[PDB]
Amino acid sequence: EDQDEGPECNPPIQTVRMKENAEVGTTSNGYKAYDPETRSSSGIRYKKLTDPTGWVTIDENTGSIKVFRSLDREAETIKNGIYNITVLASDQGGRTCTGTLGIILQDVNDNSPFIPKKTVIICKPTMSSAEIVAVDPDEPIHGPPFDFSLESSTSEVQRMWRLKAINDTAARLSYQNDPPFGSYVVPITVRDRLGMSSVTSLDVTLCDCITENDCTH
């Protein structure tokens, strides 16, 4: 009669693939410890060891991966779309085996655009405008074209400015109604190609210049 002997946990290293928009608690196919006698490892329970992100948890019964807190592909903890977590199996004979679970992460468009440069000069004696350019940190299929506007701003601020588009990534902000030399705030709204939305408040000095770039000192 059969008795429950030791696990042959090969391969060392395993992989799964996941997608960024994954709901909290969702479960999918997972890491295994192996048990050749029974050709199945049905007593054998699972925990996680070290994790860079804290996004997933491992379903103890089955060794399945499940979401715990929501993902990002735009984070610095990914490289070439991949991260890894370390895994342990626990046996009621007083035994263990160990391994790695890699997690390949498909981007979806979820991040909005941001502004690299929010501080801008308008040299009034030769210029009416300054350019406003953005970036979006999803894939290049998942960002531009951007749709800019003065949407979020006030009816007083809208009476001093006009905004117009100039590229897939850019627009140009212009003064109206002879405003005086000085410094000013402008809220922009920007959406990306699927309508992901960002708010951002610009710094706009309108001044007198030599270089036509920065203000006379």
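- Per the PDB record, the structure was determined using cryo-EM to 26 Å resolution.

- Looking at the PDB entry, one finds the protein named Desmocollin-2, with Homo sapiens as its source organism.
- As recorded in the PDB, this entry has the title "Cadherin fit into cryo-ET map".

### Comments concerning the environment of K47
Argument step 1. Relative to the assigned elements, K47 resides in strand β3 (residues 45-48).
Argument step 2. Classification of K47 by relative accessible area gives partly exposed; the value is 44%.
Argument step 3. Aside from chain neighbours lying at most four places away, what touches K47 is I58, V87, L88 and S90.

### Here we look at the side chain of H142
Argument step 1. Within the secondary structure layout, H142 lies in the loop between β9 (129-133) and β10 (147-149).
Argument step 2. Judged by its relative accessible area of 18%, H142 is buried.
Argument step 3. In this view, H142 contacts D107, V108, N109, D136, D192 and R193; residues no more than four positions away in its chain are not counted.

### Brief notes about the sheet that holds strand β8 (residues 119-123)
Argument step 1. In space, the four strands of this open sheet follow the order β8-β14-β13-β10, with mixed pairing throughout. Edge positions in the sheet fall to β8 and β10, since each has one partner strand and no second. Across the sheet, the mean angle separating the axes of adjacent strands is 35 degrees when strand polarity is ignored.

### Examining the nonpolar core
Argument step 1. By size, the foremost hydrophobic cluster in this structure holds 23 residues, and its most contacted members are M18, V56, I65, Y83, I85, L101 and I103.
Argument step 2. Breaking this core down by element, the ones donating at least two residues are β1 (13-19), β4 (56-59), β5 (64-67), β6 (82-91) and β7 (95-106).
Argument step 3. The contacts of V56, once residues within four sequence positions are left out, are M18, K48, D51, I65, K66, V67, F68, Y83, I85 and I103.
Argument step 4. Of all hydrophobic cores here, the second largest spans 21 residues; its members include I115, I122, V186 and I188.

### A look at the state of the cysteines
Argument step 1. Taken as a whole and assessed by the stated rule, the structure comprises three disulfides.
Argument step 2. Between the sulfur atoms of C123 and its disulfide mate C209 the distance is 2.0 Å. Handedness of the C123-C209 disulfide follows from its S-S torsion of about -85 degrees: it is left-handed. With a gap of 86 residues between them, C123 in strand β8 and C209 in the segment after β14 (197-207) connect regions that are remote in the sequence.

Scoring rules and cut-offs
Residues numbered from 1 in each chain as written, not as in the entry; some residues may be left out. Part of a larger assembly, values for the part shown. Heavy atoms only, no water. Helix = DSSP H or I, 4+ residues; strand = E, 2+ residues; numbered from the N terminus. Buried < 20%, exposed > 50% of the residue type's maximum accessible area, 1.4 Å probe, protein only. Contact = heavy atoms within 4.5 Å. Pairing = 2+ DSSP bridges. Axes fitted to C-alpha atoms, helices over the stretch in contact; angles between N-to-C directions. Core = buried A, V, L, I, M, F, W, Y, C linked by side-chain atoms within 4.5 Å. Disulfide = S-S within 2.5 Å.

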